[PDB]
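model-v2.pdb follows; it contains PDB, C-alpha atoms and all ligand atoms.
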ATOM      1  CA  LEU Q3814      98.442  75.424 120.638  1.00  0.00           C
ATOM      2  CA  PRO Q3815      96.646  78.436 122.239  1.00  0.00           C
ATOM      3  CA  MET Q3816      96.627  81.575 120.017  1.00  0.00           C
ATOM      4  CA  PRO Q3817      98.949  83.730 122.348  1.00  0.00           C
ATOM      5  CA  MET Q3818     101.534  80.904 122.469  1.00  0.00           C
ATOM      6  CA  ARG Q3819     101.533  80.596 118.627  1.00  0.00           C
ATOM      7  CA  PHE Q3820     102.200  84.374 118.165  1.00  0.00           C
ATOM      8  CA  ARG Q3821     105.606  84.317 120.025  1.00  0.00           C
ATOM      9  CA  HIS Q3822     108.976  84.627 118.045  1.00  0.00           C
ATOM     10  CA  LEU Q3823     107.539  84.960 114.449  1.00  0.00           C
ATOM     11  CA  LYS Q3824     110.357  87.366 113.301  1.00  0.00           C
ATOM     12  CA  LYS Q3825     113.024  84.575 113.370  1.00  0.00           C
ATOM     13  CA  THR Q3826     110.912  81.791 111.719  1.00  0.00           C
ATOM     14  CA  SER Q3827     109.224  83.962 109.009  1.00  0.00           C
ATOM     15  CA  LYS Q3828     112.675  84.975 107.577  1.00  0.00           C
ATOM     16  CA  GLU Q3829     113.271  81.222 106.855  1.00  0.00           C
ATOM     17  CA  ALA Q3830     109.680  80.359 105.721  1.00  0.00           C
ATOM     18  CA  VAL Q3831     108.885  83.075 103.150  1.00  0.00           C
ATOM     19  CA  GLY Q3832     110.465  85.429 100.616  1.00  0.00           C
ATOM     20  CA  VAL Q3833     109.519  88.330  98.287  1.00  0.00           C
ATOM     21  CA  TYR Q3834     109.925  87.777  94.502  1.00  0.00           C
ATOM     22  CA  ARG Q3835     108.274  88.871  91.202  1.00  0.00           C
ATOM     23  CA  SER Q3836     104.651  87.630  90.982  1.00  0.00           C
ATOM     24  CA  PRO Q3837     102.637  86.694  87.860  1.00  0.00           C
ATOM     25  CA  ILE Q3838      99.494  87.931  89.722  1.00  0.00           C
ATOM     26  CA  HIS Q3839     100.857  91.503  90.292  1.00  0.00           C
ATOM     27  CA  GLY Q3840     104.267  93.198  90.826  1.00  0.00           C
ATOM     28  CA  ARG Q3841     105.982  91.494  93.779  1.00  0.00           C
ATOM     29  CA  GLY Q3842     104.471  88.744  95.916  1.00  0.00           C
ATOM     30  CA  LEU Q3843     105.158  86.647  99.040  1.00  0.00           C
ATOM     31  CA  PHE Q3844     106.268  83.047  98.270  1.00  0.00           C
ATOM     32  CA  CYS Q3845     107.103  80.151 100.525  1.00  0.00           C
ATOM     33  CA  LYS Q3846     110.739  78.901 100.849  1.00  0.00           C
ATOM     34  CA  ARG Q3847     109.712  75.615 102.585  1.00  0.00           C
ATOM     35  CA  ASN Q3848     106.466  73.693 103.087  1.00  0.00           C
ATOM     36  CA  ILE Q3849     104.032  75.380 105.485  1.00  0.00           C
ATOM     37  CA  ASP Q3850     101.697  73.042 107.460  1.00  0.00           C
ATOM     38  CA  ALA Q3851      97.923  73.660 107.324  1.00  0.00           C
ATOM     39  CA  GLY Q3852      96.719  75.870 110.207  1.00  0.00           C
ATOM     40  CA  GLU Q3853     100.280  77.261 110.633  1.00  0.00           C
ATOM     41  CA  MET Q3854     100.808  80.957 111.583  1.00  0.00           C
ATOM     42  CA  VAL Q3855     102.949  82.270 108.727  1.00  0.00           C
ATOM     43  CA  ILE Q3856     103.750  85.941 109.358  1.00  0.00           C
ATOM     44  CA  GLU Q3857     102.356  89.065 110.911  1.00  0.00           C
ATOM     45  CA  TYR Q3858     101.112  91.870 108.651  1.00  0.00           C
ATOM     46  CA  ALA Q3859     103.441  94.269 110.527  1.00  0.00           C
ATOM     47  CA  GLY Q3860     102.717  97.989 110.774  1.00  0.00           C
ATOM     48  CA  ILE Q3861     101.047 100.825 112.763  1.00  0.00           C
ATOM     49  CA  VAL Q3862      97.380 100.596 113.787  1.00  0.00           C
ATOM     50  CA  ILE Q3863      95.998 104.009 112.744  1.00  0.00           C
ATOM     51  CA  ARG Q3864      92.565 105.670 112.669  1.00  0.00           C
ATOM     52  CA  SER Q3865      90.700 104.863 109.402  1.00  0.00           C
ATOM     53  CA  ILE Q3866      89.728 108.574 109.018  1.00  0.00           C
ATOM     54  CA  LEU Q3867      93.480 109.354 108.676  1.00  0.00           C
ATOM     55  CA  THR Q3868      94.140 106.879 105.780  1.00  0.00           C
ATOM     56  CA  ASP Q3869      92.902 109.225 103.047  1.00  0.00           C
ATOM     57  CA  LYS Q3870      95.376 111.982 104.096  1.00  0.00           C
ATOM     58  CA  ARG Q3871      98.236 109.442 104.795  1.00  0.00           C
ATOM     59  CA  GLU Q3872      97.863 107.765 101.300  1.00  0.00           C
ATOM     60  CA  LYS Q3873      97.673 111.273  99.716  1.00  0.00           C
ATOM     61  CA  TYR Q3874     100.984 112.145 101.500  1.00  0.00           C
ATOM     62  CA  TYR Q3875     102.755 108.903 100.387  1.00  0.00           C
ATOM     63  CA  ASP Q3876     101.484 109.250  96.749  1.00  0.00           C
ATOM     64  CA  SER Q3877     102.812 112.871  96.682  1.00  0.00           C
ATOM     65  CA  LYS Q3878     106.331 111.576  97.760  1.00  0.00           C
ATOM     66  CA  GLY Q3879     106.412 108.642  95.273  1.00  0.00           C
ATOM     67  CA  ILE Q3880     106.389 106.124  98.167  1.00  0.00           C
ATOM     68  CA  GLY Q3881     104.222 103.009  97.661  1.00  0.00           C
ATOM     69  CA  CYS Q3882     101.323 102.996 100.171  1.00  0.00           C
ATOM     70  CA  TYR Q3883     100.822  99.625 101.971  1.00  0.00           C
ATOM     71  CA  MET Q3884      97.724  99.410 104.157  1.00  0.00           C
ATOM     72  CA  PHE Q3885      95.542  96.616 105.551  1.00  0.00           C
ATOM     73  CA  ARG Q3886      92.032  97.589 106.680  1.00  0.00           C
ATOM     74  CA  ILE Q3887      91.150  96.059 110.154  1.00  0.00           C
ATOM     75  CA  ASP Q3888      87.605  97.553 110.326  1.00  0.00           C
ATOM     76  CA  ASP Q3889      85.730 100.869 109.578  1.00  0.00           C
ATOM     77  CA  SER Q3890      87.721 102.617 112.394  1.00  0.00           C
ATOM     78  CA  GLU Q3891      91.225 101.050 112.132  1.00  0.00           C
ATOM     79  CA  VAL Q3892      93.822 100.219 109.450  1.00  0.00           C
ATOM     80  CA  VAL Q3893      97.404  98.820 109.687  1.00  0.00           C
ATOM     81  CA  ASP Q3894      99.840 101.144 107.907  1.00  0.00           C
ATOM     82  CA  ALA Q3895     102.765  98.967 106.708  1.00  0.00           C
ATOM     83  CA  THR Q3896     104.315 101.740 104.513  1.00  0.00           C
ATOM     84  CA  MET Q3897     107.121 102.696 106.920  1.00  0.00           C
ATOM     85  CA  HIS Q3898     107.120 100.017 109.633  1.00  0.00           C
ATOM     86  CA  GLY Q3899     106.087  96.979 107.580  1.00  0.00           C
ATOM     87  CA  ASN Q3900     107.601  93.591 106.739  1.00  0.00           C
ATOM     88  CA  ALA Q3901     107.376  91.048 103.832  1.00  0.00           C
ATOM     89  CA  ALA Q3902     103.622  90.397 104.531  1.00  0.00           C
ATOM     90  CA  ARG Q3903     102.800  93.756 102.842  1.00  0.00           C
ATOM     91  CA  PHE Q3904     103.491  92.080  99.414  1.00  0.00           C
ATOM     92  CA  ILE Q3905     100.767  89.325  99.877  1.00  0.00           C
ATOM     93  CA  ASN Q3906      98.546  89.447  96.735  1.00  0.00           C
ATOM     94  CA  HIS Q3907      94.798  88.604  96.507  1.00  0.00           C
ATOM     95  CA  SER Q3908      93.372  85.221  95.245  1.00  0.00           C
ATOM     96  CA  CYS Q3909      89.795  83.899  94.842  1.00  0.00           C
ATOM     97  CA  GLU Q3910      91.143  80.511  95.891  1.00  0.00           C
ATOM     98  CA  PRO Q3911      93.554  81.574  98.606  1.00  0.00           C
ATOM     99  CA  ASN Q3912      95.882  79.294 100.509  1.00  0.00           C
ATOM    100  CA  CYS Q3913      95.987  81.807 103.407  1.00  0.00           C
ATOM    101  CA  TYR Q3914      93.541  83.979 105.405  1.00  0.00           C
ATOM    102  CA  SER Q3915      93.877  87.100 107.585  1.00  0.00           C
ATOM    103  CA  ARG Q3916      92.692  87.444 111.213  1.00  0.00           C
ATOM    104  CA  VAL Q3917      92.897  90.285 113.738  1.00  0.00           C
ATOM    105  CA  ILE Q3918      94.306  88.766 116.984  1.00  0.00           C
ATOM    106  CA  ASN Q3919      94.767  90.423 120.415  1.00  0.00           C
ATOM    107  CA  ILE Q3920      98.080  89.512 122.164  1.00  0.00           C
ATOM    108  CA  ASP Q3921      98.614  90.846 125.692  1.00  0.00           C
ATOM    109  CA  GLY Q3922      96.267  93.833 125.001  1.00  0.00           C
ATOM    110  CA  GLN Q3923      97.741  94.643 121.568  1.00  0.00           C
ATOM    111  CA  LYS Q3924      96.096  94.044 118.151  1.00  0.00           C
ATOM    112  CA  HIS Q3925      98.041  92.177 115.395  1.00  0.00           C
ATOM    113  CA  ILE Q3926      96.977  91.070 111.903  1.00  0.00           C
ATOM    114  CA  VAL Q3927      98.331  87.550 111.310  1.00  0.00           C
ATOM    115  CA  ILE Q3928      98.349  85.347 108.234  1.00  0.00           C
ATOM    116  CA  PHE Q3929      97.404  81.668 108.591  1.00  0.00           C
ATOM    117  CA  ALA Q3930      97.845  78.800 106.151  1.00  0.00           C
ATOM    118  CA  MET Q3931      94.381  77.425 105.204  1.00  0.00           C
ATOM    119  CA  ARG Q3932      95.932  74.243 103.602  1.00  0.00           C
ATOM    120  CA  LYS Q3933      99.479  72.766 103.388  1.00  0.00           C
ATOM    121  CA  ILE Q3934     101.440  75.239 101.174  1.00  0.00           C
ATOM    122  CA  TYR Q3935     104.279  73.785  99.187  1.00  0.00           C
ATOM    123  CA  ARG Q3936     107.733  75.155  98.459  1.00  0.00           C
ATOM    124  CA  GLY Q3937     107.618  77.724  95.628  1.00  0.00           C
ATOM    125  CA  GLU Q3938     103.930  78.627  95.873  1.00  0.00           C
ATOM    126  CA  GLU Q3939     102.842  82.226  96.164  1.00  0.00           C
ATOM    127  CA  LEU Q3940     100.954  82.992  99.450  1.00  0.00           C
ATOM    128  CA  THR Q3941      97.568  84.707  98.871  1.00  0.00           C
ATOM    129  CA  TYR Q3942      94.499  85.693 100.960  1.00  0.00           C
ATOM    130  CA  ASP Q3943      91.028  86.861  99.961  1.00  0.00           C
ATOM    131  CA  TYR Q3944      90.976  90.736 100.098  1.00  0.00           C
ATOM    132  CA  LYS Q3945      87.503  91.815 101.371  1.00  0.00           C
ATOM    133  CA  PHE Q3946      87.260  95.132  99.349  1.00  0.00           C
ATOM    134  CA  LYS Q3954      85.872  97.609  90.325  1.00  0.00           C
ATOM    135  CA  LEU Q3955      89.509  96.273  90.151  1.00  0.00           C
ATOM    136  CA  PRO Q3956      90.256  93.294  87.750  1.00  0.00           C
ATOM    137  CA  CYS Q3957      91.557  90.080  89.404  1.00  0.00           C
ATOM    138  CA  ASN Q3958      94.619  88.228  88.057  1.00  0.00           C
ATOM    139  CA  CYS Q3959      94.758  85.218  90.489  1.00  0.00           C
ATOM    140  CA  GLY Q3960      93.879  82.980  87.501  1.00  0.00           C
ATOM    141  CA  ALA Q3961      91.749  80.524  89.601  1.00  0.00           C
ATOM    142  CA  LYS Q3962      88.989  78.460  87.883  1.00  0.00           C
ATOM    143  CA  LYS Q3963      86.404  79.962  90.314  1.00  0.00           C
ATOM    144  CA  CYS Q3964      87.814  83.523  90.007  1.00  0.00           C
ATOM    145  CA  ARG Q3965      85.428  86.361  91.115  1.00  0.00           C
ATOM    146  CA  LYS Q3966      87.165  88.407  88.275  1.00  0.00           C
ATOM    147  CA  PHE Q3967      87.284  91.574  90.536  1.00  0.00           C
ATOM    148  CA  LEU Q3968      88.893  92.411  93.940  1.00  0.00           C
TER     149      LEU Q3968
HETATM  150  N1  LIG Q4001      94.740  89.184  92.426  1.00  0.00           N
HETATM  151  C1  LIG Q4001      95.142  90.404  91.994  1.00  0.00           C
HETATM  152  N2  LIG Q4001      94.805  90.800  90.717  1.00  0.00           N
HETATM  153  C2  LIG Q4001      95.209  92.061  90.336  1.00  0.00           C
HETATM  154  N3  LIG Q4001      95.897  93.004  91.048  1.00  0.00           N
HETATM  155  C3  LIG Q4001      96.226  92.561  92.320  1.00  0.00           C
HETATM  156  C4  LIG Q4001      95.896  91.282  92.845  1.00  0.00           C
HETATM  157  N4  LIG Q4001      96.405  91.123  94.148  1.00  0.00           N
HETATM  158  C5  LIG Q4001      97.012  92.277  94.413  1.00  0.00           C
HETATM  159  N5  LIG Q4001      96.922  93.205  93.336  1.00  0.00           N
HETATM  160  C6  LIG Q4001      97.360  94.603  93.352  1.00  0.00           C
HETATM  161  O1  LIG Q4001      98.266  94.854  94.393  1.00  0.00           O
HETATM  162  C7  LIG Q4001      97.666  95.745  95.328  1.00  0.00           C
HETATM  163  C8  LIG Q4001      98.012  95.345  96.787  1.00  0.00           C
HETATM  164  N6  LIG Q4001      99.529  95.357  96.937  1.00  0.00           N
HETATM  165  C9  LIG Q4001     100.090  93.969  97.253  1.00  0.00           C
HETATM  166  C10 LIG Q4001     101.590  93.854  96.842  1.00  0.00           C
HETATM  167  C11 LIG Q4001     101.838  94.271  95.355  1.00  0.00           C
HETATM  168  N7  LIG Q4001     101.847  93.066  94.501  1.00  0.00           N
HETATM  169  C12 LIG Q4001     103.183  95.047  95.312  1.00  0.00           C
HETATM  170  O2  LIG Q4001     104.027  94.656  94.335  1.00  0.00           O
HETATM  171  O3  LIG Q4001     103.521  95.967  96.050  1.00  0.00           O
HETATM  172  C13 LIG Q4001     100.055  96.494  97.785  1.00  0.00           C
HETATM  173  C14 LIG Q4001      99.882  97.841  97.007  1.00  0.00           C
HETATM  174  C15 LIG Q4001     100.773  99.065  97.362  1.00  0.00           C
HETATM  175  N8  LIG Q4001     101.063  99.264  95.888  1.00  0.00           N
HETATM  176  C16 LIG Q4001     102.477  99.565  95.512  1.00  0.00           C
HETATM  177  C17 LIG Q4001     102.628  99.496  94.023  1.00  0.00           C
HETATM  178  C18 LIG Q4001     103.657  98.942  93.325  1.00  0.00           C
HETATM  179  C19 LIG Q4001     103.450  99.016  91.892  1.00  0.00           C
HETATM  180  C20 LIG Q4001     102.281  99.626  91.575  1.00  0.00           C
HETATM  181  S1  LIG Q4001     101.411 100.119  92.964  1.00  0.00           S
HETATM  182  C21 LIG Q4001     100.575  97.877  95.602  1.00  0.00           C
HETATM  183  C22 LIG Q4001      96.146  95.677  95.094  1.00  0.00           C
HETATM  184  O4  LIG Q4001      95.484  96.802  95.573  1.00  0.00           O
HETATM  185  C23 LIG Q4001      96.133  95.556  93.565  1.00  0.00           C
HETATM  186  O5  LIG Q4001      96.477  96.735  92.918  1.00  0.00           O
HETATM  187 ZN    ZN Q4002      90.599  85.900  91.311  1.00  0.00          ZN
END
Now, as a test, write the supplied structure out as structure tokens.
Amino acid sequence: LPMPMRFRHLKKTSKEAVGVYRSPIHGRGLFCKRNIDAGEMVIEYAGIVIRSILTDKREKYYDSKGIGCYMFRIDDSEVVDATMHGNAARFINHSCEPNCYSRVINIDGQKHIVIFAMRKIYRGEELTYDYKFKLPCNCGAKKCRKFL
């Protein structure tokens, strides 16, 4: 189906497809509640598209209030701040053998970060994507890069 058609009514279907639980990779993670077909649009990384130059001061503010800072870097100029207006996608952990990938899509003039299933994902599995950004990696994959 064309990309703009696939983006419509994710809020309703993502509440039934995924859930947030403790993760053995790190803290909390996103897990699937039912089998997700390969190529399927899982969830949007919801939040506010902000200027990248403002992330340093925004993260400093959040850290000073004891509020966890959830951000997804679009490019050198833009970042999605999911701290206040986010959804369950903000808990997606990194893996060197991910079952998901991130993409910046443009729907009716507006930018959205969406998560796609790279293979069929089975009930109970944690959803992961490759983070592009040393920090030690705990994905546990055979072909682990050992750092994020
Ligand atoms: N494969 C990995 N191996 C090791 N560490 C990982 C991996 N993959 C995600 N990580 C960590 O997770 C952060 C990305 N986070 C994803 C969700 C996280 N699991 C959460 O519970 O909130 C979001 C940031 C915001 N921080 C809030 C905090 C809660 C507790 C301590 S800090 C976590 C990353 O920057 C890392 O520090
Ligand atoms: Zn890894």
field: Environment of ligand ZN 4002 (chain Q) within 7 Å, counting only C-alpha atoms and all ligand atoms, reported as a ChimeraX atom specification
entry: /Q:3908-3909,3957-3961,3964-3967
Using C-alpha atoms, can you export the residues from the last selection as a compact mmCIF listing (two decimals), in the coordinates of the input?
# COMPACT_ATOMS: atom_id res chain seq x y z
CA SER Q 3908 93.37 85.22 95.24
CA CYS Q 3909 89.80 83.90 94.84
CA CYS Q 3957 91.56 90.08 89.40
CA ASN Q 3958 94.62 88.23 88.06
CA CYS Q 3959 94.76 85.22 90.49
CA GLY Q 3960 93.88 82.98 87.50
CA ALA Q 3961 91.75 80.52 89.60
CA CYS Q 3964 87.81 83.52 90.01
CA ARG Q 3965 85.43 86.36 91.12
CA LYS Q 3966 87.16 88.41 88.28
CA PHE Q 3967 87.28 91.57 90.54
field: Closest of Q:3875, Q:3844, Q:3942, Q:3883 to ligand LIG 4001 (chain Q) - atom-to-atom distances counting all atoms listed in the file
entry: Q:3883
query: At a cut-off of 12 Å from (94.2, 90.3, 118.2) in the coordinates of the file, what residues are picked up using only C-alpha atoms, written as JSON, numbers by chain?
result: {"Q": [3816, 3817, 3820, 3857, 3858, 3862, 3887, 3915, 3916, 3917, 3918, 3919, 3920, 3921, 3922, 3923, 3924, 3925, 3926, 3927, 3928]}
- prompt: How would you write, as a ChimeraX atom specification, the set of residues no farther than 6 Å from ligand LIG 4001 (chain Q) when counting only C-alpha atoms and all ligand atoms?
  reply: /Q:3838-3842,3881-3883,3904-3908,3956-3959
query: What is the distance, in Å and to one decimal place, between atom CA of residue Q:3911 and atom CA of residue Q:3888?
result: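 Value for the atom CA of residue Q:3911-atom CA of residue Q:3888 distance: 20.7 Å.
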- prompt: Leaving out residue Q:3832 and any residue of its chain fewer than 5 positions from it, which residues lie within 8 Å of it when counting all atoms listed in the file, given as a ChimeraX atom specification?
  reply: /Q:3843-3846,3901
- request: For each of Q:3849, Q:3863, Q:3913, Q:3934, take the minimum atom-to-atom distance to residue Q:3892, counting all atoms listed in the file, then give the residue where this is smallest.
  value: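 That would be Q:3863, the residue with the smallest distance to residue Q:3892.
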message: So the first atom is atom CA of residue Q:3891 and the second is atom CA of residue Q:3912; what is the distance between them in Å, to one decimal place?
response: 25.1 Å
